[PDB]
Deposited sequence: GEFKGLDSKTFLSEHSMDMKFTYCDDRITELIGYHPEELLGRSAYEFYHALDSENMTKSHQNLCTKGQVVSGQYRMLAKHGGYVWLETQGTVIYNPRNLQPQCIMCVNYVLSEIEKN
């Protein structure tokens, strides 16, 4: 049994959805090292069956400024898929970036 907290990590993304930052906690959960993530779009990682759905969540995020993804799968670093749910928030300045609070469902 992991704490909900030990299943939660942050990531930051450019508006094109590439990773610009990821918490190191993602390593223990999904296998990736945060630095191999940078410069790659989130879309590289979504299960094909969740892809159009995430595309819609993204549209809502760009229109409303904040979205809850509802459920999707991420390809793990060493095969297979982890279910997640994400809260996304656009940080606009005077859009600058996307803050993602990611919770791993499938323990």
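Visitor: What stretches of this chain's deposited sequence are missing C-alpha coordinates?
Guide: The deposited sequence has unmodelled segments at 1 to 2, 97 to 100, 114 to 117.
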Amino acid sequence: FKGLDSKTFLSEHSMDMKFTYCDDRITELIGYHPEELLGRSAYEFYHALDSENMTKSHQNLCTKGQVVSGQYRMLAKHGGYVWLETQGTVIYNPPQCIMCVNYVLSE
From here on, numbers count along this sequence of modelled residues.
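Visitor: Where the other entries model residues on both sides, is residue 86 skipped in at least a third?
Guide: Across the compared entries, residue 86 is modelled every time.
Visitor: If you average the CA temperature factors as listed in the entry, which stretch comes out higher, 56 to 64 or 24 to 32?
Guide: If you average the C-alpha B-factors of 24 to 32 and of 56 to 64, the larger mean comes out for 56 to 64.
Visitor: Looking at the deposited entry, does 79 to 87 or 7 to 15 carry the larger mean Cα B-factor?
Guide: Mean CA B-factor is higher for 79 to 87.
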